[PDB]
Every structure is written in structure tokens, then in C-alpha cells.
Asks: 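Before we start, here is the structure in question, set down as C-alpha cells.
Proteins get letters first, then strands, A, B, ... in listed order; numbering begins at 1 in each. When a ligand or atom number is given, it counts from 1 through the structure's own listing order.
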Amino acid sequence: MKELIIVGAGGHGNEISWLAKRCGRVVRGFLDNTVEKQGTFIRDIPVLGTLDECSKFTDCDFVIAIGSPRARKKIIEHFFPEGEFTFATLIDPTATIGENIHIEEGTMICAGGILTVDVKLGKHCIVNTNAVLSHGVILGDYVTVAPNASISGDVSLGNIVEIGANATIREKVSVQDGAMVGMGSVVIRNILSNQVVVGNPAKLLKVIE
Amino acid sequence: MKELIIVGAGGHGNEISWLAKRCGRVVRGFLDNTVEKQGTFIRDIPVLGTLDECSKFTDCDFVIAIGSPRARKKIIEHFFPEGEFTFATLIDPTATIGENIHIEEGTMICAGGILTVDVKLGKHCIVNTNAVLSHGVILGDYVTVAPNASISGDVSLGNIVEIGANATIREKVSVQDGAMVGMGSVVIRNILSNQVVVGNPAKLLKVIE
Amino acid sequence: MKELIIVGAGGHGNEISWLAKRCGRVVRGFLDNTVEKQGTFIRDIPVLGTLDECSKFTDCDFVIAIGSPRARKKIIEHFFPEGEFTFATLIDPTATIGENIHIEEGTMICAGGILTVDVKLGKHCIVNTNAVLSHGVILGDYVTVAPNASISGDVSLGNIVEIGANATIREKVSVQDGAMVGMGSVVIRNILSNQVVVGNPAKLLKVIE
Ligand SMILES: CC(=O)SCCNC(=O)CCNC(=O)[C@H](O)C(C)(C)COP(=O)(O)OP(=O)(O)OC[C@H]1O[C@@H](n2cnc3c(N)ncnc32)[C@H](O)[C@@H]1OP(=O)(O)O
Ligand SMILES: CC(=O)SCCNC(=O)CCNC(=O)[C@H](O)C(C)(C)COP(=O)(O)OP(=O)(O)OC[C@H]1O[C@@H](n2cnc3c(N)ncnc32)[C@H](O)[C@@H]1OP(=O)(O)O
Ligand SMILES: CC(=O)SCCNC(=O)CCNC(=O)[C@H](O)C(C)(C)COP(=O)(O)OP(=O)(O)OC[C@H]1O[C@@H](n2cnc3c(N)ncnc32)[C@H](O)[C@@H]1OP(=O)(O)O
Ligand SMILES: Cc1cn([C@H]2C[C@H](O)[C@@H](COP(=O)(O)OP(=O)(O)O)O2)c(=O)[nH]c1=O
Ligand SMILES: Cc1cn([C@H]2C[C@H](O)[C@@H](COP(=O)(O)OP(=O)(O)O)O2)c(=O)[nH]c1=O
Ligand SMILES: Cc1cn([C@H]2C[C@H](O)[C@@H](COP(=O)(O)OP(=O)(O)O)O2)c(=O)[nH]c1=O
Ligand code: NA
Ligand code: NA
């Protein structure tokens, strides 16, 4: 397999370098724009430079290890024009991937995650540690599912949706593009575009756009 | 082992056909009363007919893959008179079954579930994906534990109890027959028969009967 | 390896005898002060006597299998003077221990627990079943993390902190010494010393000292 460039040397990039290693991949390094991170390492893996150096590594697979759905979309749209780069799909050896699971390029399925049956993910999704996506779940592009999220059957998550840590989503709930579910929320109603909901039961906090 | 008939071709039957396959079982097919499902398949496995065709398959093990505790009880009482049929016990290879675990016929323990020590389950129980039953937990017959439920030590769950996804139950809590705990509930008090409780902390919503 | 003495023959000691067995350890027995437990067993393992018999077993490793952080501290300070005894570190074969994980003596990591990267634990910590400690998490001494707790990145847990079952802690939150987070709490603010917080979102209930 090609060596991997990880975009993002923060908390998510730290954990995705670990995922890559567990997947048997060689990480060439990170690209990160943070001034303080130039010349730095995570566990023997160098920050090689800024995102505008990505054209130096067309021989590598990429993943965008940045938790914010919008930040991944923005990076793809600016730095990764269609067909110029290839993207890894990283599935932790301890993740459970069942039957009729469809996962598009750039997606990261972390340790202990469970996707049961008939689950569809778009490009550059994240399913973090110990999260569960039950039967018939659909994710759009650039969806972030945080650790321990509980995504019940037939839930639909639009593009650039974020589901916070240990939140719970009732079966058949639809979450429209750009919405965010706070950590620990108990979601029993559909959510409209760009809405942030929090609490038990989940209620509208604010709109993100 | 005998081939398996799965009663219920909905969301739970979909996931239990997957469980059966993972357990090395051959699923002969589903029985389901849904008109729209006659002549249909889940992933190469046929809906063979209606529940009143169950006497055609006495050479098979059965499981009742229907999430509603009352629906499983009703099906057993009408269609499965004592000693006429045999029932599978399905334990996912990725479920953790510890020591002095007692599980009665027809029970389904799904992927990533954990039963630690001194746990007792009655007949036709479901412990769904990533749920944890800690030391001394007792389930009656026809108990449903949804994905990611957190059932602390020495909790007692009566017959036809349902514990919703990612709910949490305080140690030593008793839940009397027929009660339901909403998804995400934080249960710190005993629950009486047929009560539905929701929220954090869990409070009485309504009575189911 | 040395045979193990487990201090505490209650619910936690029951589960830690199971952990020890899974770790390939031989448990010589329990020490427990409970009058009713003298001459009793858990699953072929005897209660040998009271804690003041610990000097009879300097040839054994010890673990303090008592959930209360303060009870472990009190037992260590009274019965286990510095350098007189050795302590086991027990990590369930189904726990995931990632890279640059530092765990001090007497710590118990239970079945399905996940510590990702750059996690530091002090002495006599407990990480119970299916809990997740994400990148950069730091635990002091005598920290209890209950089943299914969701401890996000860069969270700091002081000494004698207790995090209740299936609680969720927002990234970068600091919890000062002696605080307790109720089961199912959604913690989005720092917590001060000896504070008990409950609920969604977590709010001050009382002070423990
Ligand atoms: C490995 C990893 O670490 S992956 C990362 C895992 N982390 C997550 O999933 C955390 C996701 N983040 C959240 O849930 C945040 O709490 C957010 C984004 C919803 C809101 O954060 P902020 O915009 O900083 O909101 P803030 O904390 O200032 O709170 C504003 C109000 O909303 C409430 N609130 C905010 N978040 C939540 C929540 N998750 N649940 C309940 N109430 C909440 C607050 O109580 C406050 O109410 P008030 O006006 O009555 O005081
Ligand atoms: C693989 C799988 O998918 S397995 C399936 C996993 N799914 C589950 O576990 C979900 C279990 N279902 C639930 O928890 C449901 O929310 C139920 C059954 C408790 C209630 O559903 P309904 O009867 O449809 O109640 P409904 O949604 O109309 O809400 C009624 C009231 O209760 C409240 N409420 C309902 N459920 C909950 C909940 N889980 N938590 C908090 N509040 C709740 C609502 O906010 C509403 O309050 P209001 O009167 O102030 O508006
Ligand atoms: C394998 C295993 O079993 S490991 C063990 C796992 N167990 C745990 O993690 C449980 C931890 N314990 C808790 O969370 C407890 O609920 C505690 C310690 C916070 C409080 O317990 P107590 O001191 O007995 O408080 P009590 O139950 O009397 O409730 C007092 C008030 O706080 C509220 N409250 C208490 N705990 C909680 C909670 N976790 N969430 C929300 N509200 C709570 C009650 O609703 C009550 O409010 P009121 O005054 O409005 O009636
Ligand atoms: C949005 C964005 C972020 N970054 C980097 C800056 C930070 O080091 C990193 C984000 O790290 P951090 O803020 O910890 O968040 P995350 O959980 O997504 O890792 O991403 C870029 O290099 N370019 C970008 O366009
Ligand atoms: C109660 C009941 C249900 N069913 C079928 C109808 C539906 O296809 C199926 C239930 O599917 P569904 O409604 O998705 O719920 P579950 O989560 O339990 O699968 O069970 C019967 O065939 N007979 C019965 O007596
Ligand atoms: C605090 C303390 C407890 N114990 C014992 C008494 C009980 O049997 C046991 C605690 O069991 P229990 O009360 O079930 O709680 P836990 O979850 O910690 O097991 O610890 C001692 O023997 N000495 C002590 O100093
Ligand atoms: Na798990
Ligand atoms: Na959870």
C-alpha cells in the first residue's frame, strides 16, 4: 500500500496516526499549518510542512484527520481537486464491519467501532472509538461520529453532520446537512439543517450558520 | 447444529440473520406476517411465509427476532406450545461471556455485548450491540436490552422489561415486570410494573398497560 | 508471576477475581473485614481473612478491588507502607492499550476498556468495562472510571476522583481532587475539589468533604 500523509497534527491526527499504524500503514508524516508544530513530531512521525505542500506527495494516500466536518470539507475543496490525489480508508483491526457496509474514500473507522448491516458512509467520514451504527444507518459526506455515540437503526445523517460523544439517536431520526448533536444528547426528533441540539431530551440550542 | 428459522424480518431480524451467520449457523429463512415482505429476501435469506407455517420447520431451531418484549411473549404463547419446538441461543463471537453466566433458550447476545459474572437471563432475551450487564444482574423472560445500555451490578429486570439504547441503571435498582426505560435515561430509583420512565434523572412518563 | 491477594470481596472484588483469571493470574484469595464473609468463597476463591493478615502474604502481589477511591487510599495508607508490598497491574486481554500509555502499580483495566494514546494513570486506578480514555487523558492516583464512561481528549482527573457509569466528559475539562461525577452526567465545565455533579448538563449537587 502507499505511504500515508495525515492532514492535521492535533488531537484527531494523533489518534489517526495510531489507527494508521494499527492498520499496518506507514505514515510518511503530517501536514499542519500550525506555526508552533513545524519541526515537531508525534511518536517518531514528523510534521513535514503546511497543506500547500500536499502536491509534493501525490505518491501517498491522504486522510484528513480533522474532527470539524466543515474543516475537512474546506480542506478537500481547496487543496484536493477531483482525481489529483488518492485517499486511504482506515478501519481499525478491532472495529466490527458487518455485511453490506459501503464506505467511501478518506473514511476513518476507529478502535471498537461497530457498523452492523446495510450501513452507508460517504467520503471523509469519522466513526470514533466504541461508536455503534446499527442497521440501515446512512451517513453523507464529512460526517463526524464521536466516541461512544449510539446511532440506532435507519437513522439518516446528512453531509457535514457532527454527533457528539456518547449521544444517542432514536431509530428513523433524520439529521439534515450541517447539524450538530451535543455530547450526551438524547435525540428523539428530526433535526433541521445547521441546527445545534443539546440535552435530554435534545432541544435546539442555536444555529451554526 | 439444526438450521435456524428467524421469526421477524424487520430491523431486529435483519441484525439477527447477521448474528446467526457470525455464529456459524445456517438460516433457512424468516417467518413474517408482513404482506409486502412475502417473496422478499434479506442478503440471500428468504422470507419463507407467515408464522402459522412454523409447524413445517420442527426440524429447525427458532429465534424470535422481534424487539418488543410483549410481541415475543405473544408469539411464543400462540405459536410455540411447550416442548413442540427447539430454540437457538445465539452469542456473537465478539460478545464477552464471563463466569457463572446462565442464559435460557431463545436468547440473542449481540456483537460487543459484555456479561461479566453471576448474570442470569431468562428465555428469549436480547442483549444488543455493546451493552454491558455487570456482576449479579438478573433478567427475567423476554427482556430487551438495547445497544450501549449500561446495566450496573445487582440490577434486577423483571419479565417483558425493555431498556432503551445507551440508558444507564444504578447498581441494585429493581425494574418490575413490563416496565420500559427510555433511551438515554439515567435510572437511580426502582421502577414499578408497566411504568415508562425517561430522562436524566429518569421520571415517570406514562404506564404502558 | 506471584499469586494475587485481592483486597475486597464485594462486587468489585468479584469482577477483579474474574479479571485476574482472564490475565492468567492465580488468586490465592481475598482479604475482607466483613464478618458475614469469613469462611466464604467467590467461584472457588476463598476469603482468607481480614486486612490485618496482609503481612502473611508478602510473597503475593496485591490489588485493592474496592470501588470507592477514598476506601482504596485509606487501605493503602494504613495497611501498605511504602516498599513493604508489591501490587499487580491487571489489563484484561480484551482491553485496548494503545501507544505511550503509562499505568502505575495496582491499576485494573477491565474487559473492553480503551486507552488510545498519551494516557497517564496513577497508582490503584480502575478503568471499568467498556470505558474509553481518549488522547492525552491524565488520571491521578486512586481514580475510579465506571463502566461505559466516555472521557474525551486532554481531560485531567485529579487524585481520588470517581467518574460514574456512562458519564461523558468534554475535551480539556479538569476535575480537581476528590470530585465525583454522577452516572450518566454530561460534564462540559471544570469541576472543583470534592464537588459532586449530576445531570445533563452536569450541575453541582453537593460537596463530598
Ligand atoms: C476523542 C475526542 O475527544 S472526540 C471529541 C468528543 N467531544 C464532543 O463530542 C464534544 C462536543 N461538544 C459539545 O457537545 C459542546 O458542549 C457544544 C459544541 C454543543 C457547545 O459548546 P459551546 O458552544 O462551547 O457551548 P457552551 O459550553 O458555552 O454552553 C452553552 C449553553 O449550552 C448548554 N450546553 C452546551 N453543550 C451542552 C451539552 N452537550 N449538553 C447539554 N447542555 C449543553 C450549556 O449548559 C449552556 O447553557 P446556559 O446558556 O444555560 O449556560
Ligand atoms: C438497533 C436499534 O435500533 S435497537 C432500538 C434502540 N431504540 C431505543 O432504545 C429507543 C426507545 N424508545 C424511546 O426511548 C422512546 O423515546 C419512548 C418509547 C420512551 C417514547 O416514545 P413515544 O411514545 O413516541 O414518546 P414521544 O417521542 O412522543 O415523546 C413524549 C414525551 O416524552 C419525552 N420523551 C420521550 N422519550 C424520551 C427519552 N428517551 N428521553 C427523554 N425524554 C423523552 C418527549 O420529550 C415528550 O415530552 P413532551 O410531552 O414534553 O413533548
Ligand atoms: C460494575 C458497577 O456496577 S460499577 C458502579 C456503577 N455505578 C455508578 O457509577 C453510580 C454512581 N452513583 C451515582 O451517580 C449516584 O446517583 C450519586 C452518588 C451521584 C448520588 O447518590 P445519592 O447520594 O444516593 O443521591 P440520591 O439518589 O439520593 O439523589 C439525590 C438528588 O440528586 C439527584 N441525582 C442523584 N444522582 C443523580 C444522577 N446520577 N443523575 C442525575 N440526577 C441525580 C436525584 O435526582 C436527587 O434529586 P432531588 O433532590 O431532586 O430528589
Ligand atoms: C482547519 C485547519 C486545521 N489545521 C490544523 C490545525 C490544528 O493543529 C489541527 C486541529 O487540531 P485540534 O484543534 O486539536 O482539533 P482536531 O480534533 O480536529 O485535531 O488542524 C490545519 O492545519 N489546517 C486547516 O485548514
Ligand atoms: C408482532 C409481530 C410482528 N411481526 C413482524 C412484522 C415486522 O416485519 C417485524 C417487526 O419489525 P420492525 O417493525 O422493524 O421491528 P423489530 O425491531 O422488532 O424488527 O415483525 C410478525 O410477523 N408477527 C407478529 O406477531
Ligand atoms: C472500606 C473497606 C471495605 N472492605 C470491604 C467490605 C466489602 O465487602 C467490600 C466492598 O464491597 P461493596 O460494598 O460491594 O463495594 P465495592 O463495589 O467496592 O466492592 O470491601 C474492607 O474489607 N475493608 C475496608 O476498609
Ligand atoms: Na466495546
Ligand atoms: Na454509552
Asks: Using a distance-only test with no angle check, is there a side-chain donor-acceptor pair under 3.5 angstrom linking C/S150 and A/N166?
Replies: no

Asks: Hey, does B/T144 have a side-chain heavy atom less than 4.5 Å from the side chain of B/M180?
Replies: no

Asks: Going by the rule salt bridge (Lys or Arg N to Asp or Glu O under 4.0 Å), which residues pair with C/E99 if we only count those two or more places apart in sequence or in a different chain?
Replies: A/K21, A/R43

Asks: Can you see whether C/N130 engages C/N148 through a side-chain donor-acceptor pair at a distance of less than 3.5 angstrom?
Replies: yes

Asks: Within the 3.5 Å criterion, strictly below it, is a donor on A/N159 or A/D177 matched to an acceptor on the partner's side chain?
Replies: yes

Asks: With a 4.5 Å heavy-atom cut-off, do C/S152 and C/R170 have their side chains touching?
Replies: no

Asks: Check this for me: C/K37, atom NZ, are more than 12 non-hydrogen atoms of other residues, nucleotides or ligands nearer than 6.0 Å?
Replies: yes

Asks: Is the closest side-chain donor-acceptor distance between C/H102 and C/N100 under 3.5 Å?
Replies: yes

Asks: Output the set of protein residues with a heavy-atom contact under 4.0 Å to ligand 3, ordered first by chain identifier and then by residue number.
Replies: B/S134, B/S152, B/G153, B/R170, B/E171, B/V186, B/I188, B/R189, B/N200, B/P201, C/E15, C/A146, C/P147, C/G164, C/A165, C/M180, C/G182, C/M183, C/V198, C/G199, C/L205, C/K206

Asks: Determine which pairs satisfy salt bridge (charged side-chain N to carboxylate O under 4.0 Å, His left out) with at least one residue from residues 194-209 of chain C, sequence neighbours left out, and list them in order.
Replies: C/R70-C/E209

Asks: Check which protein N, O or S atoms are less than 3.0 Å from the Na ion (ligand 8) and report how many there are.
Replies: 3

